[PDB]
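could you work out the structure for the sequence below:
(chains A, B, C, D, E, F, G and H)
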Amino acid sequence: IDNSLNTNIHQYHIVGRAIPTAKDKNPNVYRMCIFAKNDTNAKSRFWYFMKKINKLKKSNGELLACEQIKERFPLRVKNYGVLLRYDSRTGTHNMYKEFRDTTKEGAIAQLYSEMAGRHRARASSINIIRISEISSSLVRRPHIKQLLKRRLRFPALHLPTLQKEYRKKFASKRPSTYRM
Amino acid sequence: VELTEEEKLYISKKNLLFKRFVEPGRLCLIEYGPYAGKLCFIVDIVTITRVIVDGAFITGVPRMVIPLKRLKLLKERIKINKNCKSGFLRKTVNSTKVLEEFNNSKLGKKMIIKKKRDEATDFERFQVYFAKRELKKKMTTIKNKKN
Amino acid sequence: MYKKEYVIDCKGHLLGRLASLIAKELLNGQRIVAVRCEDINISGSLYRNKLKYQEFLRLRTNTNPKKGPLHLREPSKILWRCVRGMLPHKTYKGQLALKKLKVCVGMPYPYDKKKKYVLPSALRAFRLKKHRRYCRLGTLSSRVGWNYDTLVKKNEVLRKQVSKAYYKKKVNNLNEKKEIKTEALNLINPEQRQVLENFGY
Amino acid sequence: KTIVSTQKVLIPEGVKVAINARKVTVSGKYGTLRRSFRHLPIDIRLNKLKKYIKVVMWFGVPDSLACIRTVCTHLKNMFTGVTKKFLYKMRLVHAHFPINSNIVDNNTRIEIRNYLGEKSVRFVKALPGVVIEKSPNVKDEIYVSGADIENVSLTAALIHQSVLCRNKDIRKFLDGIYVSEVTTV
Amino acid sequence: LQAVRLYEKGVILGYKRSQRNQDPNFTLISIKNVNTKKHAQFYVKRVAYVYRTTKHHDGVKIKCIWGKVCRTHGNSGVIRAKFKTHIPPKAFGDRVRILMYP
Amino acid sequence: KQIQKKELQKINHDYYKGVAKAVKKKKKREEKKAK
RNA sequence: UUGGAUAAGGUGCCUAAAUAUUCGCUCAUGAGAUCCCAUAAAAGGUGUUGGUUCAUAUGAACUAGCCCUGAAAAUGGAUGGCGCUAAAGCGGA
RNA sequence: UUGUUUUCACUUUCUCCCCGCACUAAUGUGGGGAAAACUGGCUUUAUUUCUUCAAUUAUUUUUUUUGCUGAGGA
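Residues are numbered from 1 along each chain as shown, chains lettered A, B, ... in the order given. There you are, the coordinates:
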């Protein structure tokens, strides 16, 4: 495990309720699972979603439960379909994307990197929705379709990345990116 | 319905411009990050650039995911199943004795001798010096005689 | 960094990164020499580099061209001026750093018999995707008015012949010495033979 | 994005081929050709026992995936041109001043005169490996033959381009030398 | 041959610098073969600077300045050294000894 | 701790079941709103 | 004054510090590189990346990121320079 | 007006058959079909040093190498 390699996203589960009032004796308790860096950001984003959908904020409400959802199996290969809602500089769109990796945390991190690279959509301008595992049959994007062939194999054209211990400033003769 | 000698010789002489594939079960040498310097086995693939990796418990490395840029694929290979896991992997690695194959080529010998050499102490260092000087005397005697 | 001098072969290197490494070496009191500047490579299209150098030639101080920014055309002086501009040459320490550097187009004599070094932070194959346009700086110099390229190429092949002769002779010598060593390994005591064989010496 | 793509080019009967790290040389009954491919990331496997060549490209985007068919077609044209010669049939057009064509210098450097009656020599050189004569069928007919499709086409194009006029309305002044037919010998 | 050394060579760089902001209190030292901070920390030891003079100073032509390597600087194995006296900037690029003792 | 482990399995299972039902209901509403 | 650890800001060199990792985009025959801050639009593009809506792996219509055109001023000229394309550019972690 | 229950469709192969019969990126392969079950998953017993006991938080505990300072004088 390397801190540089790993990201900092954890699935969080939040349950909350408005304070019981005289006008409405028992309010409908709400529950929702979201992705964030840590529990404080999870609570903030949860309450923001509350303020946007249901008529309720911090002062006239409170929390009930705040837990962390971790994976059942960290070393399996799955496929994830996630719906989005983001806003461009000139409009607002939604779109559905696919991703393949070990866990929902990595899937969300990969998705955020994808958005930043492909649409310059900054982090605060994103909304995740209805992320769910999907079967191999029902994947909708060919660039993840071809990954699940019967028996994959390919070369290793990636250039070497050696340690600072040996990234010296001089050498004996020209190396080769061919390698194996 | 087969191809005999034609097929065998042809394949051999054909000689694929690319060897050392990333097929599941390959032997690799991590060469960046804290784990760098140990042997590992590729279990399966999650995507093009991100790949899992897990050597058997012999080398002392658990099962995580490591970006493929840090790997260095090696000549040898084993024949695991796609759905294999650490247990059967530890079984098959010692069944095949792949690491014995590894530390017998030029690279494996260089690695192990480098390990022993930089582990060695001052007494062994001076033993090597004195032995080299004795061999130098012998070689200069031989070369002077050859004339 | 720690030798009396370095000699750098410029086969397939990028001008900017090479200049960076050279200047950083120079600023720490280390003498560096570059050879075969005609083989310097530049990332970009030949015509783009030609256009940029065309604009550079267009530029000239109007009052008096004698005081004008010296355009130069020799590839060696192109690299030299790039390093000078990239190094703080206006001070005394910077002047020493600048004048500790020597370069000569093609091979000269006193440098063909010293080991050349290649800097793995500027090789074109490593630091360029294979599908993007690049250039050879000698052709650019010829376009901008060098007129001394084919001579350098003929000198290069003339040196190459003698280089092959020397390399084959030294290969013969080294293969003979290896046989001598392996044959004389067994005349030493068993303790010394095991000491050698343990560490592969 | 994809990972692996490929194409297969059948090798014709009488051709002999030799490839070395995308440097191809090809001999045959009608000459020899040499072409490079070093400007392309491409793997080529040549199985001369069962003919054909397999050309593959790994980790590609459509930009660099396009050139795979360029390579395959160019190789196919090389083999066709070395087994059978490439030929171009040209026709010359003359309204009132009949065009004069002179064939000298051992099938190279044709001269043209009388085009509009200029009385000035318009001549063009020929690329190596290209032989250009006038056919025994029709007077305004010219045969161009050779091995390389590119060489013969460049010679034909130079012939076509070294005759045009200036400041004359081409939409009515239709005289000139054009391309009639592409042919295989 | 003779004249054993048992020390490593180092190169003196500028002082503890910052663009258009000097701080002539420490000295920057680079070592022979160290490249990372993890291996640069291995050195907390004494340092001797030796330089020559045109004329004799105390009966000999050589005088020296002592110091101690305090703490690694940056990530690429460059160290900060504190001496009894500030190194004159005439010294940049000259060789300095890091002694095995202590 | 097996009883607590069973309880945790049950509660997280119920959470995911509720989420899946929400997904299915939203999908059905989208299908209805399609035409 | 003596040490330690930071802010803003930077980590190719000038210039003290990462040719650091990792995730995508960008070929520019006038690329691009921080608010004040030292200009750029209406309209376009069968350049390329990703989407949505429809039609039987294809046809259309849209949609937004980068890029190209639009884009012209006088001493020679400036992302600060050098230069930078498996970035030392863009947007993140 | 929500909870409750049901159907099929889901993996390993260095297994085999039929068509192409050598067609592959491939020491194999595309498509159509057979196979159990070493691979993998689950429910039992005894162990954890053959091998892990991870990562994070709460409450404690040390440690390895060393830089700088030494005010005052009860």
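
now the residue positioned nearest the centre of chain D: how far from residue D:32?
Compute the mean C-alpha point of chain D, and by Cα atoms, centre = their mean the closest residue is residue D:149, 2.3 Å away. Taking Cβ to Cβ, to the nearest Å as the measure, residue D:149 falls 15 Å from residue D:32. C-betas here are computed from N, CA, C, even on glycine.

how near is residue C:163 to RNA strand H?
In this view, residue C:163 and RNA strand H are 39 Å apart by Cβ to the nearest atom of the strand, to the nearest Å.

RNA strand G contacts on chain E?
Contact residues (Cβ under 7 Å from any atom of the strand) of chain E with RNA strand G: E:13-14, E:16-19, E:25-26, E:28, E:70-71, E:73-76, E:78, E:80, E:82.

buried among those? Need that as a selection in ChimeraX.
Command for ChimeraX, covering only those of those found buried under the criterion 16 or more other Cβ atoms under 10 Å in any protein chain shown:
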select /E:13,26,28,73,78,80
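
can you tell me the element the closest residue to residue B:35 other than its chain neighbours falls in?
Excluding the flanking residues, the one nearest residue B:35 by Cβ to Cβ, 6 or more residues apart in numbering or on different chains is residue B:61, at 6.1 Å. Secondary structure assignment for residue B:61, by DSSP states H and E: no helix or strand.

check residue E:72 too.
strand E:62-73.

strands of the chain, start to end?
In the absence of a named chain, chain A is used. For chain A, the strands defined by DSSP state E occupy A:10-18, A:30-36, A:61-69, A:80-87, A:92-93, A:96-99, A:126-133.

that's the wrong chain, I wanted chain B
Counting by DSSP E, the strands of chain B are B:26-29, B:39-41, B:50-53, B:64-67, B:73-77.

could you dump these to TSV with distance to residue A:42 and mean neighbour count?
Below are the strands of chain B laid out as TSV (distance: least, Cβ to Cβ, whole Å; neighbours: other Cβ atoms under 10 Å in any protein chain shown):
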stretch	distance to residue A:42	mean neighbour count
strand B:26-29	37	22
strand B:39-41	35	23
strand B:50-53	26	20
strand B:64-67	24	18
strand B:73-77	41	18
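
so who does residue B:135 touch?
By Cβ atoms under 8 Å, 6 or more residues apart in numbering or on different chains, the residues touching residue B:135 are C:181, C:184, C:185, C:188, C:192, C:196.

how close does residue C:13 get to residue C:72?
For residue C:13, the distance to residue C:72 equals 20 Å [Cβ to Cβ].

these two - which one has more neighbours?
Neighbour totals were compared for residue C:13 and residue C:72, and residue C:13 leads with 29 against 14 (other Cβ atoms under 10 Å in any protein chain shown).

does that one touch residue C:123 like I think?
Yes - in this structure, residue C:13 is within contact of residue C:123 by Cβ atoms under 8 Å, at 6.5 Å.

quick check: longest helix in chain D by residues?
Looking across chain D with DSSP state H, the single longest helix is helix D:62-83.

in contact with the residue of chain A at minimum distance from chain D, which residues?
Chain D sits closest to residue A:143 of chain A, with a gap of 5.3 Å, by Cβ to the nearest Cβ. Shown in contact with residue A:143 (Cβ under 8 Å, 6+ apart): D:1, D:2.

doesn't residue E:96 lie inside a helix?
No - using DSSP: H, G, I helix; E, B strand; the rest coil, the assignment for residue E:96 is strand, not a helix.

on that earlier part again, my guess is the residue nearest to residue B:35 meets residue B:38, correct?
Yes - the criterion here is Cβ under 8 Å, and residue B:61 meets it with residue B:38 at 5.7 Å.

any shared contact partners between the two?
Common contacts of residue B:61 and residue B:38, defined by Cβ under 8 Å, 6+ apart, comprise residue B:55.

related to what we said a few turns ago, measure the residue of chain A closest to chain D to residue D:5 for me?
13 Å.

tell me which stretches of chain B form helices.
Using DSSP H, the helices of chain B run over B:4-14, B:86-96, B:98-102, B:106-119, B:122-146.

which stretch among those helices comes nearest residue A:121?
Checking the helices of chain B against residue A:121 by Cβ to Cβ gives helix B:86-96 as the closest, at 39.9 Å.

show me what that closest one is packed against.
Contacts defined by 3 or more Cβ pairs under 8 Å, 6 or more residues apart in numbering or on different chains; DSSP states H and E place helix B:86-96 against no helix or strand at all.

could you dump it to PDB, C-alpha only?
Below are the C-alpha coordinates for helix B:86-96, written out as PDB (Å, rounded to 0.1, in the frame of the first residue of the first chain):
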ATOM      1  CA  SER B  86      -3.000 -16.700  -3.700                       C
ATOM      2  CA  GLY B  87      -3.300 -20.200  -2.400                       C
ATOM      3  CA  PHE B  88      -3.200 -22.100  -5.700                       C
ATOM      4  CA  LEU B  89      -0.700 -19.500  -6.900                       C
ATOM      5  CA  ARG B  90       1.700 -20.500  -4.100                       C
ATOM      6  CA  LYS B  91       1.000 -24.100  -5.000                       C
ATOM      7  CA  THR B  92       1.800 -23.700  -8.600                       C
ATOM      8  CA  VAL B  93       4.900 -21.400  -8.200                       C
ATOM      9  CA  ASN B  94       6.700 -24.100  -6.200                       C
ATOM     10  CA  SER B  95       5.300 -26.800  -8.400                       C
ATOM     11  CA  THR B  96       7.000 -25.200 -11.400                       C
END
